[PDB]
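Comments concern the structure below.
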Amino acid sequence: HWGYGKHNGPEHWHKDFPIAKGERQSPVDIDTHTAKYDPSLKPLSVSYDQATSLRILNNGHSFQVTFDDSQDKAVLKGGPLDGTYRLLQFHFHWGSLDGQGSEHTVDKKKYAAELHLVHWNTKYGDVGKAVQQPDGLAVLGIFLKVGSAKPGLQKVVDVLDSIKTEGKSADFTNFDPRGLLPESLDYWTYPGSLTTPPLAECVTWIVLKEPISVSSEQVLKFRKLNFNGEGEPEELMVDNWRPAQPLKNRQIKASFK
Ligand SMILES: NS(=O)(=O)c1ccc(-c2ccccc2)cc1
Ligand SMILES: [Zn+2]
């Protein structure tokens, strides 16, 4: 199946998922001088006070923290969105070195990593239905740069040796995703897609302008994870990012002047 190496990486994905060459693929480069300020954009509403985390999982392409989405516990609203979207999971994309790893770029600048908080539109009832709709998901993207440690990330870092290889999972209850957010919720937004297969064109992307800082020790622990399952030749889970895709007939809008 698909992955991030020479022979199964993003250049190959269109063969099994031909929407890879579609009209609203993600990620994209955010040209900040071309993105237009929209004064009609509302502030984001991030309501995570009741978030209920469940598990942390190595899925062979990232690690994921999954939440209870059977109720409106942790929801994203406002911004460019109409309706309520429930937080299902978050995961990251990162590099083998600090100068690459993010999926979106800002004036061609690459961050060391990128956090994706994945939400689905409750009017579609479940995420499987939502992925089939052009407004089915909203992914909140947050850049990571290397500098000071992010204290709200360390509980995640602490447990990664227990899910080194594909298929391993662990209890990861009582995690507060509010500890991963930057101060500002100013954002860019465009219509796009999932950045891994099935690459469905179902995502309103909301990318925050302010990155969070993480320490070199924290990102080091990401780079120690493995794509392989246990017992297979060890291939470090690094550079699990899709490069920027053609913007085509899309405009990126900014919530801030
Ligand atoms: N990297 S991402 O754009 O935030 C992403 C989120 C969810 C999914 C996904 C995969 C399978 C079923 C539902 C959602 C894929 C990519
Ligand atoms: Zn992602």
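So basically every Cβ, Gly included, is an ideal-geometry build from the backbone, and we count neighbours across all protein chains shown. Nothing in this text is a laboratory measurement; each read-out follows from the coordinates by a stated rule.
In region 170-179, is there at least one residue being among the polar types (S, T, N, Q), touching a residue at least 12 places away in the same chain (Cβ under 8 Å) and surrounded by 21 or more Cβ atoms within 10 Å (Cβ to Cβ)? No; the residues of region 170-179 include none that is among the polar types (S, T, N, Q), touching a residue at least 12 places away in the same chain (Cβ under 8 Å) and surrounded by 21 or more Cβ atoms within 10 Å (Cβ to Cβ). Being out of contact with any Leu (no Cβ under 6 Å at 6 or more places or on another chain) and at positive phi holds for only one residue in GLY141, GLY179, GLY192, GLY125, and it is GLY125. Of the strands (runs of 3 or more DSSP E) lying entirely inside region 179-257, the ones with 3 or more residues being closer than 16 Å to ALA138 by Cβ are found at 187-192, 203-208. Any residue in region 175-184 that is within 14 Å of ligand 2 (Cβ to nearest atom), out of contact with any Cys (no Cβ under 9 Å at 6 or more places or on another chain) and hydroxyl-bearing (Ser, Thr, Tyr)? Looking for residues that are within 14 Å of ligand 2 (Cβ to nearest atom), out of contact with any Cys (no Cβ under 9 Å at 6 or more places or on another chain) and hydroxyl-bearing (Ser, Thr, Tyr), one finds none in region 175-184, hence no.
Yes/no matrix, rows are residues, columns are (1) in a loop (DSSP other than H, G, I, E, B); (2) within 24 Å of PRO10 (Cα to Cα); (3) among the charged types (D, E, K, R); (4) touching a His at 6+ places or on another chain (Cβ under 8 Å):
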{"position": "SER70", "(1), (2), (3), (4)": "yes, no, no, no"}
{"position": "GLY83", "(1), (2), (3), (4)": "yes, no, no, no"}
{"position": "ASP98", "(1), (2), (3), (4)": "yes, yes, yes, no"}
{"position": "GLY101", "(1), (2), (3), (4)": "yes, yes, no, yes"}
{"position": "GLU114", "(1), (2), (3), (4)": "no, yes, yes, yes"}
{"position": "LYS123", "(1), (2), (3), (4)": "no, no, yes, no"}
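Say we look at region 61-80 and pick out the residues that are among the hydroxyl-bearing types (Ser, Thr, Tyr) and within 16 Å of ligand 2 (Cβ to nearest atom); which of these is nearest to the chain's Cα centre (by Cα)? Looking at residues that are among the hydroxyl-bearing types (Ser, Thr, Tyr) and within 16 Å of ligand 2 (Cβ to nearest atom), I get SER62.
Here is a check on your reading of the model: is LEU144 within 12 Å of ligand 2 (Cβ to nearest atom) and part of a strand (DSSP E or B)? Against the criterion (within 12 Å of ligand 2 (Cβ to nearest atom) and part of a strand (DSSP E or B)), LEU144 does not qualify. Apart from one condition, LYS129 fits all of (1) more than 17 Å from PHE92 (Cβ to Cβ); (2) touching an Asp or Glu at 6+ places or on another chain (Cβ under 7 Å); (3) within 16 Å of ligand 1 (Cβ to nearest atom); the exception is (2). Close Cβ contacts (under 8 Å, 6 or more residues apart or on different chains) running from residues in region 127-139 that are surrounded by fewer than 15 Cβ atoms within 10 Å (Cβ to Cβ) to residues that are of a type in the set (A, V, I, L, M) comprise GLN132/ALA200. Taking first residues from region 1-23 that are within 19 Å of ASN249 (Cβ to Cβ) and partners that are of a type in the set (S, T, N, Q) and exposed (fewer than 12 other Cβ atoms within 10 Å of the Cβ), the Cβ contacts under 9 Å between residues at least 6 apart in sequence or on separate chains come to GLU23/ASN249.
For region 43-71, which positions are farther than 19 Å from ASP158 by Cβ, touching a residue at least 40 places away in the same chain (Cβ under 8 Å) and not hydroxyl-bearing (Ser, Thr, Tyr)? Within region 43-71, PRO43, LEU44, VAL46, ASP49, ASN59, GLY60, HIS61, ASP69 meet the criteria.
Within region 111-126, take every residue that is within 21 Å of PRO182 (Cβ to Cβ) and within 16 Å of ligand 1 (Cβ to nearest atom) and give me the one that is surrounded by the most Cβ atoms within 10 Å (Cβ to Cβ). Taking the candidates together, the pick is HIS119. Just to check your reading of the model, which residue among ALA170, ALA149 is away from ligand 1 (no atom under 15 Å from the Cβ) and part of a strand (DSSP E or B)? Sole residue among the options that is away from ligand 1 (no atom under 15 Å from the Cβ) and part of a strand (DSSP E or B): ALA170.
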